[PDB]
Every structure is written in C-alpha cells, then in structure tokens.
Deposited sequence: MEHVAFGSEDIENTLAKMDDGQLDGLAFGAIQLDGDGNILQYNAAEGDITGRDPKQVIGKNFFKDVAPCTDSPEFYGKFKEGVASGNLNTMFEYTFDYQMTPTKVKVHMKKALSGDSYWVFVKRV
C-alpha cells in the first residue's frame, strides 16, 4: 500500500512496474521535463476517461490536459523542473472533455522525470 502524499512516495513508486502502478489508490502520471507522458496509470484513467495506452507519448500540457496550462499548474511544474526539487501540492478542476471534476494534485520529481499524482476531492 502507498498513500497519496506520502513523504517518500517517489521511493516506493520507483520500485514499481505497470501492474503495481495500475493498482495505486490515486492517479499517477509520469512526465518528462518537456511534459510528455511517460506513464499513466489505470486510476488516473478512472478519473479522467482517458485510455492510458493512448495518451503515452502525448504532451500533457499542450494536448491532453489543456486546462492545466496555467501559472497554477504548468507554471509550478516548470518552476520545479528548473529549480531541481519538484514537490508541490494544490487543488484544481479538470474540465476538458470530461464532467468538471475537483481534484487535488501533488507533483514530485521522480527518484529526470516528474510525477503528477491526482485524487478526487
């Protein structure tokens, strides 16, 4: 088990393959520094209606999740990629090609890549 917001979440998830990541209680996306989607788990698709196989390779901020292109989300992502120590938590609403859904988001650098964790609120 691993809880959303755990202090060493990136350690636990570093040791995980697809099945384990797909088993998480919360949405988990891994992005590269350009915002391209490396991994996208089953729990996230249950929040957003996206097929996890279909969004791998796409750009999260440009194409998949346009509502996240804002100082409040994308702005914080690039600040944390630049500053080297991404680790930030905030509320957000996801509303593109889905019913508007309130979530909380935790972005954290991976053990060169970057996690976006999501849970319904």
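Unmodelled regions of the deposited chain, listed from N- to C-terminal end, are 1 to 2, 114 to 115.
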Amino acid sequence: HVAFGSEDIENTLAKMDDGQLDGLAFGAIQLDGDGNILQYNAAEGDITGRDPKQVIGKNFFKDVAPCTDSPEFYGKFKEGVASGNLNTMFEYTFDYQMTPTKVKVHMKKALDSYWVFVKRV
From here on, numbers count along this sequence of modelled residues.
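Checked against the record, the higher mean CA B factor of 78 to 86 and 60 to 68 lies with 78 to 86. Between 92 to 100 and 38 to 46, it is 92 to 100 that carries the larger average Cα temperature factor according to the deposited entry.
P52: CA B factor lies in the highest third for its chain, per the PDB record. Sorting the modelled residues of the chain by their CA temperature factor places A3 in the middle third.
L21: CA B factor in the highest third of modelled residues in this chain (values from the PDB entry). Sort the modelled residues of the chain by CA B factor and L13 lands in the highest third. The PDB entry assigns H106 a C-alpha temperature factor belonging to the lowest third of its chain's modelled residues.
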